[PDB]
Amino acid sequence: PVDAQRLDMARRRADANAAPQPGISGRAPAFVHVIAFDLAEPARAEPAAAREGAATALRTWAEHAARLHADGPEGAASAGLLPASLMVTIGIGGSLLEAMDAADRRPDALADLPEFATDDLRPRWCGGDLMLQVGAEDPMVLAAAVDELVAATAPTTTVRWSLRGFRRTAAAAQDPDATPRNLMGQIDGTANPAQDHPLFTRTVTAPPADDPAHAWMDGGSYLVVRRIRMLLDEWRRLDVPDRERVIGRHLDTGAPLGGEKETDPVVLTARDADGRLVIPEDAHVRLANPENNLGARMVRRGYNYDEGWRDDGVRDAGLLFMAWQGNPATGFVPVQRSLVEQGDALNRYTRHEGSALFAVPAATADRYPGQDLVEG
């Protein structure tokens, strides 16, 4: 009975009608490949050519996504494989609008992210004119889809940066409904709004614009990507109770400190007999709580990444962090401000090395994502 649950993600097709696009709601597949692209020159250097280039890329990816969602990848590489929940998300960067001389079409929510004091960003791992998020429950299905999509729009597009990520597969999960863990061992995702709830929808969806020139993003979502390296050598030096105090939750059960189940509320007022706070003043979940951030909320849909070791022998692995929200100004941005400015204990164990913001529009029946922008 759990056996069908364990096979379900590999067996089924994704819901291609998921809003605003696939890759946000629903069960997340075990594998992801996030790819940021720039428009190639000299098309990018002339606004009319850039608009034409954007149209070409966005339409082409939308056409292939339709076929991939319905039939899977074309190649022999994916022959004999099940659909594996293959899903394609298409996004647009603020710099695309700049290249098209279309700053008047740029919603306030697409403003560049602030610099933060803890940033350790590599410029070539940041930003991008365009984005594909490709996901699947199988890495061969995924690689075939990725190669197809990237080759389809060459040479009008060029890859700027990309990163592959994973979670545990449903097939190897004792409970395929359990929330996934990250490479620090932590259950990661608990506080996300439930998939049922209207709260999920309110959290990820952009409210209608007051300016009609910005309305192409009505019903869309914004994605903030952060490539966050984990300092696992330093992390391993900590005993379990200290690791738990960095976050504010138990490692084994995922329960808040002071609680007993993963789903128990995080009680931030709880004190010991001697007056000490049970969850420390610098605990991650204390500083990230919506109540500490003017009500700010997001859906975190991240993946683990493992890129081995760098030339100095330091581990290059971490969290491919992905936050979805209707407006970064009331989602990622204030929360990240709190983590940085209020001294999140997790700061000392992490390094943000890549970053991007993308607008992910909703497209009607017979249109491609961004068609309202490019043809408007």
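Heads up: residue numbers just count along the shown sequence, starting at 1.
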Residue stretch of maximal mean CA temperature factor, 131-139 vs 104-112: 104-112
Mean C-alpha B-factor comparison - 81-89 and 213-221, higher one: 213-221
Identity of residue with top Cα B-factor, from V333, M322, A66, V340: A66
Top Cα B factor in the deposited entry, candidates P256, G295, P180, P208: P208
For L346, the third of its chain into which the C-alpha B factor falls: lowest
Chain-wide C-alpha B factor ranking for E41, given as lowest, middle or highest third: highest
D316, C-alpha B-factor rank within chain (lowest, middle or highest third): lowest
CA B-factor ranking of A48, expressed as a third of its chain: highest
CA B-factor placement of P290, once the chain's modelled residues are sorted into thirds: lowest
